[PDB]
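Coordinates from data.txt are shown below (compact mmCIF, C-alpha atoms and all ligand atoms).
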```
# COMPACT_ATOMS: atom_id res chain seq x y z
CA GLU A 30 -7.92 -14.11 -17.28
CA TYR A 31 -7.53 -12.36 -13.95
CA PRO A 32 -5.66 -9.05 -14.49
CA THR A 33 -1.99 -9.39 -13.57
CA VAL A 34 0.44 -6.81 -12.26
CA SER A 35 2.08 -6.66 -15.70
CA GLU A 36 -1.15 -5.67 -17.52
CA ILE A 37 -2.11 -2.58 -15.49
CA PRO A 38 -0.14 0.68 -15.79
CA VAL A 39 0.12 2.51 -12.49
CA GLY A 40 -2.88 4.85 -12.40
CA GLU A 41 -5.30 2.51 -14.19
CA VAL A 42 -7.82 0.19 -12.54
CA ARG A 43 -9.31 -3.04 -13.87
CA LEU A 44 -12.50 -4.71 -12.72
CA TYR A 45 -13.06 -8.47 -12.72
CA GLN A 47 -16.55 -9.89 -12.31
CA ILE A 48 -16.64 -12.91 -10.01
CA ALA A 49 -20.38 -13.56 -9.79
CA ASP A 50 -23.69 -11.81 -10.19
CA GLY A 51 -23.19 -8.52 -8.37
CA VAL A 52 -19.62 -9.22 -7.20
CA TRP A 53 -16.39 -7.84 -8.69
CA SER A 54 -12.84 -7.37 -7.60
CA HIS A 55 -10.96 -4.21 -8.47
CA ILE A 56 -7.28 -4.44 -9.38
CA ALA A 57 -4.74 -1.62 -9.30
CA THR A 58 -0.96 -1.37 -9.25
CA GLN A 59 1.42 0.75 -7.21
CA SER A 60 5.13 1.42 -6.98
CA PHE A 61 6.78 0.81 -3.62
CA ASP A 62 10.54 0.73 -3.03
CA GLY A 63 11.10 0.62 -6.79
CA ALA A 64 8.97 -2.48 -7.44
CA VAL A 66 5.41 -2.64 -8.75
CA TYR A 67 2.74 -4.56 -6.85
CA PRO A 68 -0.86 -5.38 -7.73
CA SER A 69 -3.59 -4.85 -5.18
CA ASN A 70 -7.18 -6.08 -4.90
CA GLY A 71 -10.37 -4.75 -3.47
CA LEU A 72 -14.01 -5.78 -3.78
CA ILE A 73 -17.28 -4.34 -5.13
CA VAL A 74 -20.63 -5.84 -4.07
CA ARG A 75 -24.00 -4.83 -5.48
CA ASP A 76 -26.67 -3.93 -2.89
CA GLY A 77 -29.92 -3.31 -4.72
CA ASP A 78 -29.26 -0.37 -7.05
CA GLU A 79 -26.21 0.79 -5.08
CA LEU A 80 -22.67 -0.56 -4.64
CA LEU A 81 -20.66 -1.38 -1.54
CA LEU A 82 -16.92 -0.83 -2.00
CA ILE A 83 -14.33 -2.80 -0.02
CA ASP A 84 -10.99 -0.92 0.19
CA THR A 85 -9.50 1.90 -1.87
CA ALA A 86 -7.33 1.36 -4.92
CA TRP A 87 -4.12 2.32 -3.06
CA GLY A 88 -3.85 6.07 -3.51
CA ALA A 89 -5.94 9.08 -4.52
CA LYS A 90 -5.20 8.90 -8.26
CA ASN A 91 -5.95 5.18 -8.43
CA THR A 92 -9.11 5.66 -6.38
CA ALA A 93 -10.40 8.36 -8.73
CA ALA A 94 -9.73 5.96 -11.60
CA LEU A 95 -11.54 3.24 -9.65
CA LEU A 96 -14.66 5.39 -9.38
CA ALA A 97 -14.44 6.19 -13.10
CA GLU A 98 -14.01 2.53 -14.00
CA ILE A 99 -16.99 1.59 -11.80
CA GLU A 100 -19.11 4.23 -13.53
CA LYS A 102 -18.08 2.96 -16.97
CA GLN A 103 -18.49 -0.79 -16.41
CA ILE A 104 -21.29 -0.95 -13.79
CA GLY A 105 -22.92 2.48 -13.78
CA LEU A 106 -24.31 2.32 -10.23
CA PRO A 107 -23.35 4.66 -7.37
CA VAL A 109 -20.96 3.64 -4.65
CA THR A 110 -22.75 4.69 -1.47
CA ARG A 111 -20.67 3.02 1.27
CA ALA A 112 -17.07 1.85 1.55
CA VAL A 113 -15.27 -0.29 4.13
CA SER A 114 -11.49 -0.24 4.65
CA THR A 115 -10.19 -3.56 5.99
CA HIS A 116 -7.12 -2.18 7.83
CA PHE A 117 -5.25 1.06 8.31
CA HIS A 118 -2.52 0.79 5.62
CA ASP A 119 -2.47 3.00 2.52
CA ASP A 120 -3.51 0.26 0.09
CA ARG A 121 -6.78 0.19 2.07
CA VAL A 122 -7.42 3.81 3.17
CA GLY A 123 -5.34 5.74 0.65
CA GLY A 124 -8.06 7.43 -1.39
CA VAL A 125 -10.67 7.68 1.37
CA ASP A 126 -10.68 11.47 0.92
CA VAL A 127 -11.51 10.99 -2.78
CA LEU A 128 -14.37 8.66 -1.87
CA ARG A 129 -15.67 11.10 0.74
CA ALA A 130 -15.61 14.02 -1.69
CA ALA A 131 -17.63 11.91 -4.13
CA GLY A 133 -20.35 11.38 -1.49
CA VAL A 134 -19.34 7.90 -0.36
CA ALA A 135 -19.89 7.11 3.31
CA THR A 136 -16.56 5.67 4.43
CA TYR A 137 -16.34 3.12 7.26
CA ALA A 138 -13.73 1.29 9.31
CA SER A 139 -13.44 -0.22 12.77
CA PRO A 140 -12.45 2.11 15.63
CA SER A 141 -9.14 0.23 15.78
CA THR A 142 -8.45 0.94 12.10
CA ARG A 143 -9.41 4.61 12.49
CA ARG A 144 -7.16 4.91 15.56
CA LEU A 145 -4.17 3.35 13.80
CA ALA A 146 -4.65 5.38 10.61
CA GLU A 147 -4.57 8.57 12.67
CA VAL A 148 -1.37 7.54 14.47
CA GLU A 149 0.26 6.62 11.14
CA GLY A 150 -0.85 9.75 9.29
CA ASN A 165 -3.05 7.86 6.83
CA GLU A 166 -6.51 8.93 5.75
CA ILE A 167 -9.27 8.23 8.27
CA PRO A 168 -12.65 6.72 7.27
CA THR A 169 -15.48 8.79 8.72
CA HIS A 170 -17.82 6.17 10.21
CA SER A 171 -17.05 3.51 12.83
CA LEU A 172 -17.94 -0.18 12.47
CA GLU A 173 -19.10 -1.41 15.86
CA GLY A 174 -19.14 -4.99 17.11
CA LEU A 175 -15.81 -6.12 15.63
CA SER A 176 -13.25 -5.58 18.41
CA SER A 177 -12.99 -9.20 19.66
CA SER A 178 -11.47 -12.06 17.66
CA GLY A 179 -14.28 -14.13 16.19
CA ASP A 180 -16.71 -11.20 16.01
CA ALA A 181 -18.91 -10.93 12.92
CA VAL A 182 -21.41 -8.27 11.86
CA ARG A 183 -23.67 -7.89 8.87
CA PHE A 184 -23.06 -4.92 6.57
CA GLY A 185 -25.65 -4.97 3.82
CA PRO A 186 -24.78 -7.68 1.28
CA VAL A 187 -21.63 -8.83 3.11
CA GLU A 188 -20.57 -10.11 6.49
CA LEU A 189 -17.59 -8.47 8.16
CA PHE A 190 -15.39 -10.71 10.32
CA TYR A 191 -12.54 -9.85 12.65
CA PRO A 192 -10.40 -13.03 12.77
CA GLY A 193 -7.80 -11.67 15.18
CA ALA A 194 -4.45 -10.10 14.58
CA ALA A 195 -2.56 -11.26 11.50
CA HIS A 196 -1.06 -9.02 8.80
CA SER A 197 -2.15 -6.20 11.15
CA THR A 198 -3.94 -6.09 14.49
CA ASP A 199 -7.03 -4.52 12.90
CA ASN A 200 -7.40 -6.55 9.71
CA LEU A 201 -10.95 -7.50 8.68
CA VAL A 202 -12.15 -10.10 6.23
CA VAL A 203 -15.32 -9.83 4.17
CA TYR A 204 -17.66 -12.62 3.06
CA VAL A 205 -20.33 -12.36 0.34
CA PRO A 209 -22.78 -15.16 1.19
CA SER A 210 -24.79 -14.94 -2.04
CA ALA A 211 -21.66 -15.73 -4.07
CA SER A 215 -19.48 -17.71 -1.63
CA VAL A 216 -16.72 -15.11 -2.05
CA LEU A 217 -14.26 -14.67 0.81
CA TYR A 218 -12.17 -11.49 0.59
CA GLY A 219 -9.22 -12.11 2.89
CA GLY A 220 -7.44 -8.84 2.37
CA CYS A 221 -3.79 -8.66 3.27
CA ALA A 222 -4.11 -11.41 5.91
CA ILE A 223 -4.25 -13.90 2.98
CA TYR A 224 -1.38 -14.32 0.51
CA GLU A 225 -1.68 -15.44 -3.10
CA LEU A 226 -0.06 -18.75 -4.00
CA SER A 227 2.72 -17.12 -6.03
CA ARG A 228 3.99 -15.40 -2.87
CA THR A 229 6.21 -17.89 -1.04
CA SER A 230 7.89 -15.40 1.32
CA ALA A 231 6.38 -13.08 3.91
CA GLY A 232 7.87 -9.89 2.52
CA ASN A 233 7.33 -6.97 4.89
CA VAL A 234 5.36 -7.75 8.04
CA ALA A 235 6.28 -4.72 10.12
CA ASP A 236 2.82 -4.34 11.69
CA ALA A 237 1.94 -8.06 11.78
CA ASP A 238 1.30 -10.31 14.76
CA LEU A 239 3.25 -13.35 13.59
CA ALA A 240 2.50 -15.29 16.77
CA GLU A 241 -1.27 -15.01 16.24
CA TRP A 242 -1.55 -15.00 12.45
CA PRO A 243 -2.01 -18.79 11.98
CA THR A 244 -4.62 -18.89 14.75
CA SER A 245 -6.47 -15.99 13.09
CA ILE A 246 -6.38 -17.85 9.75
CA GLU A 247 -7.84 -20.93 11.45
CA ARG A 248 -10.71 -18.77 12.73
CA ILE A 249 -11.41 -17.79 9.12
CA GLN A 250 -11.40 -21.42 7.98
CA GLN A 251 -13.75 -22.39 10.82
CA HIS A 252 -16.17 -19.53 10.13
CA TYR A 253 -16.29 -19.71 6.30
CA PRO A 254 -15.59 -23.35 5.44
CA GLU A 255 -18.10 -23.10 2.57
CA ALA A 256 -16.11 -20.38 0.76
CA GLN A 257 -15.48 -21.14 -2.92
CA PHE A 258 -13.66 -18.01 -4.18
CA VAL A 259 -10.88 -16.59 -1.96
CA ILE A 260 -9.40 -13.19 -2.81
CA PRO A 261 -6.00 -12.19 -1.36
CA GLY A 262 -5.09 -8.59 -0.70
CA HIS A 263 -2.59 -8.76 -3.57
CA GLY A 264 -2.58 -11.14 -6.53
CA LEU A 265 -4.50 -14.02 -7.98
CA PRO A 277 -7.64 -15.46 -6.37
CA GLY A 278 -8.05 -19.12 -5.57
CA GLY A 279 -9.83 -21.41 -3.14
CA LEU A 280 -9.58 -22.02 0.58
CA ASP A 281 -6.13 -23.54 -0.07
CA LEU A 282 -4.83 -19.97 0.09
CA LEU A 283 -5.41 -20.12 3.87
CA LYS A 284 -3.08 -23.07 4.45
CA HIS A 285 -0.61 -21.58 1.98
CA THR A 286 -0.52 -18.33 3.96
CA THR A 287 -0.03 -20.22 7.22
CA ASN A 288 2.84 -22.16 5.61
CA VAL A 289 4.53 -18.92 4.54
CA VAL A 290 3.93 -17.20 7.87
CA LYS A 291 5.32 -20.13 9.86
CA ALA A 292 8.37 -20.36 7.60
CA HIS A 293 9.00 -16.66 8.18
CA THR A 294 8.51 -17.08 11.93
CA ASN A 295 11.30 -19.66 11.85
CA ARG A 296 13.70 -17.53 9.78
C1 LIG B 301 3.39 -3.69 6.33
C2 LIG B 301 3.37 -4.88 5.37
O1 LIG B 301 3.12 -5.96 5.79
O2 LIG B 301 3.66 -4.66 4.02
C3 LIG B 301 3.67 -5.78 3.18
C4 LIG B 301 2.26 -6.05 2.66
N1 LIG B 301 1.54 -7.15 2.86
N2 LIG B 301 0.37 -7.00 2.26
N3 LIG B 301 0.30 -5.82 1.67
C5 LIG B 301 1.45 -5.17 1.87
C6 LIG B 301 1.83 -3.79 1.38
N4 LIG B 301 3.13 -3.85 0.73
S1 LIG B 301 3.32 -4.71 -0.73
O3 LIG B 301 3.90 -3.85 -1.77
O4 LIG B 301 2.02 -5.05 -1.31
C7 LIG B 301 4.33 -6.20 -0.52
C8 LIG B 301 3.95 -7.38 -1.16
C9 LIG B 301 4.71 -8.52 -1.01
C10 LIG B 301 5.85 -8.49 -0.22
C11 LIG B 301 6.22 -7.32 0.42
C12 LIG B 301 5.46 -6.18 0.26
CL CL B 302 -24.06 8.31 6.03
CL CL B 303 -21.11 10.34 5.59
O O B 304 -0.77 -3.53 2.99
ZN ZN B 305 -1.33 -3.80 5.07
ZN ZN B 306 -22.30 9.47 6.89
ZN ZN B 307 -1.73 -5.04 1.44
```
What does the file become when written as structure tokens?
Amino acid sequence: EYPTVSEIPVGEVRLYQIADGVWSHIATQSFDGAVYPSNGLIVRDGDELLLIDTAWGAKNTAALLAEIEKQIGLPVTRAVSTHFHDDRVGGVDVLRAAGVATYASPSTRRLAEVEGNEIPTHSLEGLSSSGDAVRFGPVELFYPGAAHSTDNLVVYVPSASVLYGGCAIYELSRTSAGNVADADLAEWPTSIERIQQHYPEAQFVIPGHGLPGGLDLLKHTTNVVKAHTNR
């Protein structure tokens, strides 16, 4: 049911409806000769849409906007990038040119600039301390602490019990850390525990890449991260 990496040619975007007014978007990208899927989120806010994360590149993100127009037909007015890597900010310029107000924490904006990635225009205040949460229209933004990156945010949709973990949460099929160049391995399990403690009611958990599941993805990610720590 959920679109898999094998079903999506690079350059195309699929949408998957999770609940009333909540979708994920799924794209694929080549990196080091392999193809990876990648998720973001779309949340309806009245007659507008809030977008969480780009579709990993300008071409994918243009296709994302086109696919949103075709399947939902409402304007994306704000977007949030959940950390500074290109699967989250790559395509911010496309969003901006389309009239989307792009947002990220000051930490994310800072790190994107240092890295040479695209920089969301607006700053999300109130998220710089581990455990901080702020409302952003139909979602809550939560900074759990450093994990996959020092700046990574998670997003909760209370009306639908959807927890979007981004790249701090691994899908079950991933049993090895992969690349963790910007991660804080020492803190990642503690940051995951903050997520568990703040959103214990979550029913639908969306990793940054791959298949959704339940809150068991949190323990699974901790298992993988600890195993990698002990390599
Ligand atoms: C900096 C870093 O941690 O990169 C790894 C990562 N973790 N989440 N997203 C990414 C982006 N690379 S990836 O192609 O999706 C990948 C997926 C599985 C294993 C390795 C790489
Ligand atoms: Cl604005
Ligand atoms: Cl703006
Ligand atoms: O990433
Ligand atoms: Zn990342
Ligand atoms: Zn603006
Ligand atoms: Zn990622």
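The shell of residues at most 9 Å from residue 284 (chain A), with only C-alpha atoms counted and near chain neighbours (fewer than 3 positions) removed, consists of residues 243, 246, 247, 280, 281, 287, 288 and 289 of chain A.
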Can you work out the spacing between CA of residue 61 (chain A) and CA of residue 167 (chain A) in Å, to one decimal? 21.3 Å
Contacts with ligand ZN 305 (chain B) at most 8 Å, all atoms listed in the file counted, listed as a ChimeraX atom specification: /A:116-121,196-197,221,236
So which residues touch residue 105 (chain A) within 12 Å, counting all atoms listed in the file, skipping near sequence neighbours fewer than 3 positions away, as number ranges by chain? A: 75, 78-80, 96-100, 102, 109
Would you list the contacts of residue 186 (chain A) as an MDAnalysis selection string, taking every protein, DNA or RNA residue within 12 Å and counting only C-alpha atoms, but skipping same-chain residues closer than 3 positions in sequence? chainID A and resid 51:52 73:83 111 182:183 189 203:205 209:211 215:216
Could those selected residues go to a file with C-alpha atoms, as an mmCIF file, in the frame of the given file?
```
data_model
loop_
_atom_site.group_PDB
_atom_site.id
_atom_site.type_symbol
_atom_site.label_atom_id
_atom_site.label_comp_id
_atom_site.auth_asym_id
_atom_site.auth_seq_id
_atom_site.Cartn_x
_atom_site.Cartn_y
_atom_site.Cartn_z
ATOM 1 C CA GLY A 51 -23.190 -8.520 -8.370
ATOM 2 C CA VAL A 52 -19.620 -9.220 -7.200
ATOM 3 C CA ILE A 73 -17.280 -4.340 -5.130
ATOM 4 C CA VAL A 74 -20.630 -5.840 -4.070
ATOM 5 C CA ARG A 75 -24.000 -4.830 -5.480
ATOM 6 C CA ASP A 76 -26.670 -3.930 -2.890
ATOM 7 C CA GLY A 77 -29.920 -3.310 -4.720
ATOM 8 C CA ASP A 78 -29.260 -0.370 -7.050
ATOM 9 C CA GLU A 79 -26.210 0.790 -5.080
ATOM 10 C CA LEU A 80 -22.670 -0.560 -4.640
ATOM 11 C CA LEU A 81 -20.660 -1.380 -1.540
ATOM 12 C CA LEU A 82 -16.920 -0.830 -2.000
ATOM 13 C CA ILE A 83 -14.330 -2.800 -0.020
ATOM 14 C CA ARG A 111 -20.670 3.020 1.270
ATOM 15 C CA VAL A 182 -21.410 -8.270 11.860
ATOM 16 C CA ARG A 183 -23.670 -7.890 8.870
ATOM 17 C CA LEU A 189 -17.590 -8.470 8.160
ATOM 18 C CA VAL A 203 -15.320 -9.830 4.170
ATOM 19 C CA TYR A 204 -17.660 -12.620 3.060
ATOM 20 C CA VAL A 205 -20.330 -12.360 0.340
ATOM 21 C CA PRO A 209 -22.780 -15.160 1.190
ATOM 22 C CA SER A 210 -24.790 -14.940 -2.040
ATOM 23 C CA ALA A 211 -21.660 -15.730 -4.070
ATOM 24 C CA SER A 215 -19.480 -17.710 -1.630
ATOM 25 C CA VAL A 216 -16.720 -15.110 -2.050
#
```
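Note that the spacing between CA of residue 103 (chain A) and CA of residue 128 (chain A) amounts to 17.8 Å.
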Could you list, as JSON, numbers by chain, all the residues within 10 Å of ligand CL 302 (chain B), counting all atoms listed in the file? {"A": [110, 111, 133, 134, 135, 136, 137, 169, 170]}
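Nearest residue to residue 201 (chain A), choosing from A:47, A:69, A:60, A:245 and counting only C-alpha atoms: A:245.
Of the listed residues (A:242, A:87, A:190, A:53), A:53 comes nearest to residue 258 (chain A); the distances count only C-alpha atoms.
Computed from the coordinates, the CA of residue 180 (chain A) to CA of residue 249 (chain A) distance equals 10.9 Å.
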Contacts of residue 223 (chain A) at 8 Å or less, counting all atoms listed in the file, minus same-chain residues fewer than 5 places along, as an NGL selection string? :A and (260-262 or 282-283 or 286)
The selected residues should be written to file as an mmCIF file, keeping the file's coordinate frame (atoms: C-alpha atoms).
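Once everything was written out, this is out-v4.cif:
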```
data_model
loop_
_atom_site.group_PDB
_atom_site.id
_atom_site.type_symbol
_atom_site.label_atom_id
_atom_site.label_comp_id
_atom_site.auth_asym_id
_atom_site.auth_seq_id
_atom_site.Cartn_x
_atom_site.Cartn_y
_atom_site.Cartn_z
ATOM 1 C CA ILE A 260 -9.400 -13.190 -2.810
ATOM 2 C CA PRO A 261 -6.000 -12.190 -1.360
ATOM 3 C CA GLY A 262 -5.090 -8.590 -0.700
ATOM 4 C CA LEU A 282 -4.830 -19.970 0.090
ATOM 5 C CA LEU A 283 -5.410 -20.120 3.870
ATOM 6 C CA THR A 286 -0.520 -18.330 3.960
#
```
List the spatial neighbours of residue 139 (chain A) as number ranges by chain - criterion: any atom at most 8 Å away, only C-alpha atoms, same-chain residues fewer than 2 positions off excluded. A: 137, 141-143, 171-173, 175-176, 199
Of the candidates A:240, A:292, A:42, A:125, which shows the shortest atom-to-atom distance to residue 95 (chain A), using only C-alpha atoms? A:42
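Between residue 225 (chain A) and the residues A:250, A:59, A:70, A:178, the shortest atom-to-atom distance, using all atoms listed in the file, involves A:70.
For the set A:230, A:123, A:198, A:263, the residue with the smallest atom-to-atom gap to residue 295 (chain A) is A:230, counting all atoms listed in the file.
Residue nearest ligand ZN 307 (chain B) within the list A:130, A:290, A:146, A:86: A:86 [criterion: smallest interatomic distance, all atoms listed in the file].
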Supply region 190-216 of chain A as a compact mmCIF listing (two decimals), in the frame of the given file, with N, CA, C and O atoms built in where the input has gaps.
```
# COMPACT_ATOMS: atom_id res chain seq x y z
N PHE A 190 -15.90 -9.77 9.33
CA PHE A 190 -15.39 -10.71 10.32
C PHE A 190 -14.03 -10.24 10.80
O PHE A 190 -13.15 -9.93 9.99
N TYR A 191 -13.85 -10.17 12.11
CA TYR A 191 -12.54 -9.85 12.65
C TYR A 191 -11.93 -11.17 13.11
O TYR A 191 -12.36 -11.71 14.13
N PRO A 192 -10.93 -11.71 12.40
CA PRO A 192 -10.40 -13.03 12.77
C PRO A 192 -9.37 -13.00 13.88
O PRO A 192 -8.95 -14.07 14.33
N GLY A 193 -8.96 -11.82 14.33
CA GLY A 193 -7.80 -11.67 15.18
C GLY A 193 -6.64 -11.08 14.41
O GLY A 193 -6.66 -10.93 13.19
N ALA A 194 -5.60 -10.75 15.17
CA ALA A 194 -4.45 -10.10 14.58
C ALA A 194 -3.74 -11.04 13.62
O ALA A 194 -3.64 -12.25 13.85
N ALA A 195 -3.23 -10.47 12.53
CA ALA A 195 -2.56 -11.26 11.50
C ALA A 195 -1.56 -10.37 10.77
O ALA A 195 -0.53 -10.00 11.35
N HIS A 196 -1.86 -10.01 9.52
CA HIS A 196 -1.06 -9.02 8.80
C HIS A 196 -1.00 -7.69 9.56
O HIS A 196 0.02 -7.00 9.53
N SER A 197 -2.09 -7.34 10.25
CA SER A 197 -2.15 -6.20 11.15
C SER A 197 -3.09 -6.57 12.29
O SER A 197 -3.82 -7.56 12.22
N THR A 198 -3.08 -5.77 13.35
CA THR A 198 -3.94 -6.09 14.49
C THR A 198 -5.40 -5.83 14.18
O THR A 198 -6.27 -6.43 14.82
N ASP A 199 -5.68 -4.98 13.20
CA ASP A 199 -7.03 -4.52 12.90
C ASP A 199 -7.64 -5.19 11.68
O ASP A 199 -8.78 -4.87 11.33
N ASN A 200 -6.94 -6.13 11.03
CA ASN A 200 -7.40 -6.55 9.71
C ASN A 200 -8.75 -7.27 9.77
O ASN A 200 -8.98 -8.14 10.62
N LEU A 201 -9.64 -6.88 8.87
CA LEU A 201 -10.95 -7.50 8.68
C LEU A 201 -10.95 -8.36 7.43
O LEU A 201 -10.21 -8.09 6.47
N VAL A 202 -11.80 -9.38 7.44
CA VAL A 202 -12.15 -10.10 6.23
C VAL A 202 -13.64 -9.91 5.95
O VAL A 202 -14.43 -9.56 6.84
N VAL A 203 -13.99 -10.13 4.69
CA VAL A 203 -15.32 -9.83 4.17
C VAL A 203 -15.82 -11.05 3.42
O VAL A 203 -15.12 -11.59 2.55
N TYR A 204 -17.05 -11.48 3.73
CA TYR A 204 -17.66 -12.62 3.06
C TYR A 204 -18.94 -12.19 2.37
O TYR A 204 -19.75 -11.46 2.95
N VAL A 205 -19.12 -12.63 1.12
CA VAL A 205 -20.33 -12.36 0.34
C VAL A 205 -21.12 -13.66 0.28
O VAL A 205 -20.82 -14.54 -0.54
N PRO A 209 -22.13 -13.85 1.14
CA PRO A 209 -22.78 -15.16 1.19
C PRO A 209 -23.49 -15.55 -0.09
O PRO A 209 -23.54 -16.74 -0.42
N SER A 210 -24.04 -14.58 -0.83
CA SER A 210 -24.79 -14.94 -2.04
C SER A 210 -23.89 -15.56 -3.10
O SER A 210 -24.40 -16.26 -3.99
N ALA A 211 -22.59 -15.30 -3.04
CA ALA A 211 -21.66 -15.73 -4.07
C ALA A 211 -20.56 -16.64 -3.54
O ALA A 211 -19.72 -17.08 -4.33
N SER A 215 -20.52 -16.89 -2.24
CA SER A 215 -19.48 -17.71 -1.63
C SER A 215 -18.09 -17.14 -1.89
O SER A 215 -17.12 -17.88 -2.12
N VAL A 216 -17.98 -15.82 -1.83
CA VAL A 216 -16.72 -15.11 -2.05
C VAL A 216 -16.18 -14.66 -0.70
O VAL A 216 -16.85 -13.93 0.04
```
